[PDB]
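A short worksheet on the structure shown next.
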Amino acid sequence: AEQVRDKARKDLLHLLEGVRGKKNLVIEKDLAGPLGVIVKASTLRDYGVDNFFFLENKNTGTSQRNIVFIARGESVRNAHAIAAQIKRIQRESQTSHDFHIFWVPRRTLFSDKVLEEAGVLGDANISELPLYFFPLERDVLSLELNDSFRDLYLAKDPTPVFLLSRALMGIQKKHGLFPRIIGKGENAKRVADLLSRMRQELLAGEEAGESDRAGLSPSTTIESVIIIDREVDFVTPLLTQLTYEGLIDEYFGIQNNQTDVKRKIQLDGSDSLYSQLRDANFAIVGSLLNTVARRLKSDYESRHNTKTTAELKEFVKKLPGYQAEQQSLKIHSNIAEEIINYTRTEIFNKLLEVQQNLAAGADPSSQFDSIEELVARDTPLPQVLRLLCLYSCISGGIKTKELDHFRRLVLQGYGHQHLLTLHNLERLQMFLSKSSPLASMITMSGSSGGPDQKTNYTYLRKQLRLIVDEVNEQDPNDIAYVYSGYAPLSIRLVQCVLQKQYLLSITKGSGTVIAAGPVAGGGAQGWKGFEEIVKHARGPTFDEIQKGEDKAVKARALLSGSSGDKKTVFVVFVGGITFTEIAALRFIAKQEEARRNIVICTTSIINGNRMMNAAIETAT
Amino acid sequence: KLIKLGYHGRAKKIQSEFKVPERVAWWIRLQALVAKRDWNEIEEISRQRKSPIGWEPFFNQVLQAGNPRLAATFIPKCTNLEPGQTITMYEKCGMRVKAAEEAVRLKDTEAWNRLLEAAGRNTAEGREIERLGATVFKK
Amino acid sequence: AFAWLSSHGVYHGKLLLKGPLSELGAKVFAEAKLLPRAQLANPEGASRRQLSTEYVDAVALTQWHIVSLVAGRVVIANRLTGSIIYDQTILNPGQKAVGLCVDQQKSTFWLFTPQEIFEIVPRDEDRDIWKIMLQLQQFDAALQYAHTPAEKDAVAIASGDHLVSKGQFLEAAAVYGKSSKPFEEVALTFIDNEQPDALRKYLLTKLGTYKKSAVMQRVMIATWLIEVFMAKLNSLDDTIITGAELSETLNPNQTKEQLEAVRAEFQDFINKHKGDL
């Protein structure tokens with residue numbers, strides 16, 4: 001994923017260099033984060049940027065001749081804020097006050113029109129700034145469309161779907177086209193169809209009398225793209241993450257790897273402790289930080305004492321690492337305290353028992369007493385709401401006689417703002433009710449693929465190994481360990497596409513399913529051998545290949561990949577990907593690492609507390 | 001907040017007004033009363049009404065709250081879920097003699113012996129353990 | 001500055017009249033105090049302890065030192081502390097002083113007696129004056145004036161422990177850096193106390209002093225300085241972009257000042273020693 005950092009920097013810094021003299025830079029707060037990922041303020045100051053302003057708080061000044069704006073053009077908010085600052089700057093400025101505006105990869109006519117209507121933008125220098133798929137992590141590419149999840153499913157707003165297919169085109173057009181496109185879900189299909197049409201646009205530009213025709217050859221380095229919609233798995237997002245990174249996100253929240261507590265230290269995979277602890281189970285990490293403290297203290301507080309240069313130099317060259325580890329260790333110890341206060345208080349373990357018991361198919365009413373205690377203890381809003389939703393999603397619809405008991409805890413837990421919470425849950429389809437006309441679990445060949453159908457967990461729990469009691473928290477052999485045995489469907493639906501061996505072992509579930517093992521093991525390509533399961537999930541199925549004479553040549557080269565020539569695989573989550581899913585994808589990516597490089601691609605990274613607080617953040 | 005501030009009559013109105021489950025109301029009152037360290041009101045829920053709650057999450061609001069003397073009145077009542085917990089929790093509270101008393105009530109001679117081992121060579125505690133031992137392993 | 005040296009002690013006070021004034025500088029010696037000839041008598045007998053009639057008559061003085069002889073006893077006081085540094089009897093027991101004086105062009109004291117005249121001469125006027133303060137109060141200056149490395153470290157510790165106890169960790173970093181105290185010992189203190197600024201500073205101070213032959217030390221420790229250096233800046237730079245809420249919280253102008261000051265110190269140094277790094 002880090003290879004795109006140069007591209008993102010290239011375009012951002014190029015446009016800034018085009019501005020002569022000293023300039024003030026105005027950055028959208030909701031874009032500044034993603035920008036901070038690729039460049040530092042010092043990177044921008046090296047290009048002549050002096051002051052740093054924001055649009056939302058109307059922060060302006062007249063200190064520089066050139067004023068430069070960076071913002072998303074998918075909303076009028078920025079066009080208005082920019083025009084507002086321009087009008088104020090021109091009124092107070094005693095200089096030429098040249099203005100420059102940098103927009104999304106394709107600046108919109110709407111944005112430009114709104115700017116022009118201001119009457120003060122007539123001399124403005126407006127240009128495209130094609131930043132997409134920000135390098136949030138070495139294995140993760142994110143468009144950072146943080147509001148994508150909410151808008152994409154509350155209003156069915158396709159904006160992130162359109163941006164994603166374009167952003168994906170923005171990669172494959174340079175690294176070669178995906179020889180195969182597959183995916184599951186309504187929005188997943190849209191992305192797959194958009195990618196096919198965008199390829200036609202690249203040839204059509206010549207026929208349109210515009211840009212030169214692209215060769216559009218298939219990639220020799222990229223094997224495939226897998227696109228999965230958020231609507232496909234509405235159960236996984238409702239479980240609390242048990243990993244260390246999950247502890248941080250579940251209690252505090254991770255954005256831009258920055259996060260609240262000090263903004264002096266960034267926590268990411270480059271950290272020597274985080275790369276080892278981030279995927280650790282909460283029951284284990286409490287012992288890993290002590291393991292780190294013992295090994296760190298031995299080299300940091302001892303061994304080097306009284307040593308002469310000949311031996312001391314071994315610790316001197318490493319000391320900077322020991323100091324960083326000690327600083328990160330204290331931070332990690334503070335996170336450990338946060339979990340300890342929930343495990344010694346029967347809060348974290350209590351919600352886990354509910355998640356494990358529901359996953360196994362236990363009657364959800366039996367877990368109600370455990371949920372009531374969590375509400376009574378004033379645990380965080382998203383931690384109670386997840387349990388007050390998951391129970392219905394697992395069952396596939398429950399009678400109102402029982403739903404009301406859980407619903408009472410939703411209104412009691414959220415207060416008068418619960419009205420927005422319930423409306424968002426229904427619109428986001430994260431709450432099921434038997435009384436609904438949409439309360440229909442997909443049946444075998446039951447004309448599946450409609451927007452009014454839901455994934456049949458109660459069937460797929462037998463078709464796939466979604467229930468795992470074999471998880472090893474310290475040394476796991478399955479993704480299920482992230483949830484201590486949940487074996488999340490959103491990942492199984494990807495694993496069964498990524499490798500035929502995964503398909504063979506994943507579908508080896510109940511005694512009426514394992515008979516298909518020999519068929520599942522033949523799924524060398526596409527969805528073959530997985531049709532029984534694909535047909536029982538929500539939304540349509542997409543499977544198409546790249547056209548052209550050399551398509552077979554590239555396909556053979558890509559299926560001939562080896563450890564000395566690893567091939568890249570794109571896994572795409574539409575509507576945003578949760579941290580539990582990212583950790584699960586890293587686990588499988590490591591197992592397949594010997595042959596292929598699997599990269600996680602998303603419209604956004606969903607915080608565990610972002611989905612259940614939609615009624616809180618939009619209520620502020 | 002209503003319980004913590006002593007507005008119990010108002011908390012009851014809220015419980016009935018919004019259909020709050022008894023289990024929820026009990027855990028809320030217990031946590032708020034612990035914050036105020038009101039020993040008598042806590043007993044009204046778990047000792048006098050025998051609320052059907054786990055003792056593990058209960059004592060985490062009492063013993064970890066710095067009130068081992070308050071736990072002492074709920075420990076012997078743990079026989080409703082697990083009689084072995086009437087000894088273990090007394091030991092955790094430092095109540096070695098009371099743990100021996102429970103060993104007597106349940107006729108657990110192994111639990112009694114563990115309390116004697118804890119007393120070690122200190123007769124200041126050993127005398128009480130032996131006094132209670134006379135009623136655990138004698139008949 | 002003036003001083004009055006008399007029988008039964010000496011008088012000292014403030015003479016900050018500066019320059020111009022109205023009428024008379026009546027504030028001069030306004031707070032002057034008397035030091036009542038402590039340990040001035042020569043205890044060879046009751047008559048020498050009584051010191052009737054005859055004392056000093058005149059007392060020789062040079063900057064920061066008082067030299068007098070009474071009843072055969074010679075005592076020299078350091079005016080910086082008020083203490084007695086020299087305490088010896090007269091070379092000729094049958095003689096007594098008729099007064100003492102100083103040649104200010106020779107900074108030397110003369111002692112007159114009925115039969116003999118004696119000279120009192122410092123072995124190092126500047127160092128003998130400095131030492132009484134360097135090992136007592138002026139612990140930082142001592143790191144430059146001291147001829148002995150052992151003294152330098154002793155004073156840096158006394159200063160450092162005081163400064164970190166009060167909370168001046170930054171100043172402690174400077175005094176430690178100038179001293180020869182081992183690198184890791186101070187780094188550990190500043191880290192546990194969570195003082196990133198003191199942590200970075202003590203090496204930079206050392207590096208200004210270490211010159212060129214010591215540059216190999218800068219190469220081996222180079223990873224450290226650049227990592228600490230970058231860490232501070234990463235914070236200051238990230239703070240600027242993160243978002244409007246953080247920018248309003250943390251004064252953006254103060255951030256800029258820190259960014260330029262820190263970058264400049266590092267970048268200038270690595271350029272000057274670029275051939276060694």
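Each chain of the structure tokens is named A, B, ... in the order shown, its residues numbered from 1; ligands are numbered from 1 in display order.
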Counting only C-alpha atoms, chain C residues within 7 Å of chain A, as a list in words
residues 221, 223, 224, 227, 232, 235, 237, 238, 240, 241, 242, 243 and 244 of chain C
May I have the residues within 8 Å of segment 185-187 of chain C as a list in words, using only C-alpha atoms and disregarding those fewer than 4 positions away in the same chain?
residues 173, 176, 181, 191 and 199 of chain C
Residues of chain B that have any atom at most 9 Å from an atom of chain A: could you tabulate them with the shortest-distance atom pair and the distance in Å to one decimal, using only C-alpha atoms, ordered by chain and increasing number, as a tab-separated table?
residue	atom	partner	partner_atom	distance
B:18	CA	A:412	CA	7.2
B:19	CA	A:408	CA	7.0
B:20	CA	A:408	CA	7.3
B:21	CA	A:372	CA	7.7
B:23	CA	A:372	CA	6.6
B:24	CA	A:376	CA	4.9
B:25	CA	A:376	CA	6.9
B:26	CA	A:376	CA	8.0
B:27	CA	A:376	CA	5.4
B:28	CA	A:376	CA	4.9
B:29	CA	A:376	CA	8.7
B:31	CA	A:377	CA	7.2
B:56	CA	A:346	CA	7.8
B:57	CA	A:346	CA	5.7
B:58	CA	A:345	CA	8.9
B:60	CA	A:345	CA	5.8
B:61	CA	A:345	CA	7.7
B:64	CA	A:344	CA	8.8
Next, the residues of the selection above should be written as an mmCIF file, in the first residue's frame with N, CA, C and O atoms.
data_model
loop_
_atom_site.group_PDB
_atom_site.id
_atom_site.type_symbol
_atom_site.label_atom_id
_atom_site.label_comp_id
_atom_site.auth_asym_id
_atom_site.auth_seq_id
_atom_site.Cartn_x
_atom_site.Cartn_y
_atom_site.Cartn_z
ATOM 1 N N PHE B 18 -40.012 4.098 31.998
ATOM 2 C CA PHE B 18 -39.375 3.660 30.759
ATOM 3 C C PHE B 18 -39.203 2.151 30.671
ATOM 4 O O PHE B 18 -38.417 1.659 29.861
ATOM 5 N N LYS B 19 -39.953 1.419 31.488
ATOM 6 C CA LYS B 19 -39.922 -0.041 31.461
ATOM 7 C C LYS B 19 -38.516 -0.592 31.665
ATOM 8 O O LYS B 19 -38.079 -1.485 30.940
ATOM 9 N N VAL B 20 -37.810 -0.056 32.655
ATOM 10 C CA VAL B 20 -36.479 -0.543 32.988
ATOM 11 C C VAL B 20 -36.596 -1.879 33.724
ATOM 12 O O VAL B 20 -37.312 -1.962 34.722
ATOM 13 N N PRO B 21 -35.918 -2.929 33.250
ATOM 14 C CA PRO B 21 -35.867 -4.256 33.837
ATOM 15 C C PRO B 21 -35.325 -4.200 35.254
ATOM 16 O O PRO B 21 -34.485 -3.359 35.572
ATOM 17 N N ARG B 23 -33.379 -6.229 36.724
ATOM 18 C CA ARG B 23 -31.956 -6.540 36.719
ATOM 19 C C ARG B 23 -31.131 -5.304 36.408
ATOM 20 O O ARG B 23 -30.046 -5.118 36.961
ATOM 21 N N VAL B 24 -31.651 -4.455 35.530
ATOM 22 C CA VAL B 24 -30.949 -3.235 35.170
ATOM 23 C C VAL B 24 -30.984 -2.257 36.331
ATOM 24 O O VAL B 24 -29.969 -1.654 36.678
ATOM 25 N N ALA B 25 -32.155 -2.112 36.937
ATOM 26 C CA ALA B 25 -32.317 -1.188 38.048
ATOM 27 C C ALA B 25 -31.477 -1.615 39.243
ATOM 28 O O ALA B 25 -30.926 -0.773 39.954
ATOM 29 N N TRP B 26 -31.368 -2.923 39.462
ATOM 30 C CA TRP B 26 -30.586 -3.430 40.579
ATOM 31 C C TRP B 26 -29.109 -3.124 40.400
ATOM 32 O O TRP B 26 -28.453 -2.649 41.326
ATOM 33 N N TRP B 27 -28.587 -3.366 39.201
ATOM 34 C CA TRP B 27 -27.175 -3.117 38.948
ATOM 35 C C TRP B 27 -26.846 -1.627 38.968
ATOM 36 O O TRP B 27 -25.747 -1.237 39.369
ATOM 37 N N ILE B 28 -27.805 -0.790 38.570
ATOM 38 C CA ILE B 28 -27.591 0.654 38.611
ATOM 39 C C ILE B 28 -27.555 1.145 40.044
ATOM 40 O O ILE B 28 -26.684 1.934 40.417
ATOM 41 N N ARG B 29 -28.498 0.672 40.854
ATOM 42 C CA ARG B 29 -28.541 1.075 42.246
ATOM 43 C C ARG B 29 -27.311 0.581 42.987
ATOM 44 O O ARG B 29 -26.765 1.288 43.829
ATOM 45 N N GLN B 31 -24.264 0.033 41.788
ATOM 46 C CA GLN B 31 -23.067 0.786 41.429
ATOM 47 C C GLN B 31 -23.088 2.194 42.017
ATOM 48 O O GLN B 31 -22.058 2.706 42.459
ATOM 49 N N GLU B 56 -19.913 -12.911 41.222
ATOM 50 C CA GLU B 56 -18.642 -12.425 40.708
ATOM 51 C C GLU B 56 -18.695 -10.925 40.367
ATOM 52 O O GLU B 56 -17.898 -10.159 40.910
ATOM 53 N N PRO B 57 -19.628 -10.469 39.505
ATOM 54 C CA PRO B 57 -19.856 -9.074 39.173
ATOM 55 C C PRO B 57 -20.330 -8.256 40.369
ATOM 56 O O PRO B 57 -20.151 -7.039 40.400
ATOM 57 N N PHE B 58 -20.931 -8.920 41.354
ATOM 58 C CA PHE B 58 -21.397 -8.220 42.545
ATOM 59 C C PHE B 58 -20.250 -7.798 43.446
ATOM 60 O O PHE B 58 -20.196 -6.659 43.908
ATOM 61 N N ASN B 60 -17.220 -7.460 42.680
ATOM 62 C CA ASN B 60 -16.332 -6.551 41.977
ATOM 63 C C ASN B 60 -16.746 -5.105 42.243
ATOM 64 O O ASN B 60 -15.977 -4.175 42.008
ATOM 65 N N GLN B 61 -17.966 -4.922 42.749
ATOM 66 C CA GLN B 61 -18.455 -3.605 43.136
ATOM 67 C C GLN B 61 -18.285 -3.371 44.635
ATOM 68 O O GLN B 61 -18.634 -2.308 45.143
ATOM 69 N N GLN B 64 -13.518 -4.858 45.395
ATOM 70 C CA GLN B 64 -12.602 -4.051 44.597
ATOM 71 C C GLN B 64 -12.901 -2.576 44.813
ATOM 72 O O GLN B 64 -12.134 -1.703 44.411
#
Atom CA of residue 406 of chain A to atom CA of residue 15 of chain B, distance in Å rounded to a single decimal:
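Taking atom CA of residue 406 of chain A and atom CA of residue 15 of chain B, their separation equals 15.6 Å.
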Spatial neighbours of residue 90 of chain C, 7 Å, only C-alpha atoms, chain gap at least 2 places, as a PyMOL selection string
chain C and resi 72-74+88+92-93
Could those residues be written to a file, using C-alpha atoms, as a compact mmCIF listing (two decimals), in the first residue's frame?
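Everything below was put into selection-v4.txt:
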# COMPACT_ATOMS: atom_id res chain seq x y z
CA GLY C 72 50.50 38.33 66.32
CA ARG C 73 47.71 36.39 64.56
CA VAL C 74 47.22 36.65 60.79
CA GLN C 88 48.48 31.51 60.86
CA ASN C 92 58.40 36.73 64.01
CA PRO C 93 56.67 36.14 67.42
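With atom CA of residue 77 of chain A on one side and atom CA of residue 101 of chain A on the other, the separation reads 14.1 Å.
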One-decimal distance in Å that lies between atom CA of residue 595 of chain A and atom CA of residue 498 of chain A
11.5 Å
Write out as JSON, numbers by chain each polymer residue whose atoms come within 8 Å of residue 107 of chain B, counting only C-alpha atoms; drop sequence neighbours fewer than 2 positions from it.
{"B": [103, 104, 105, 109, 136, 137]}
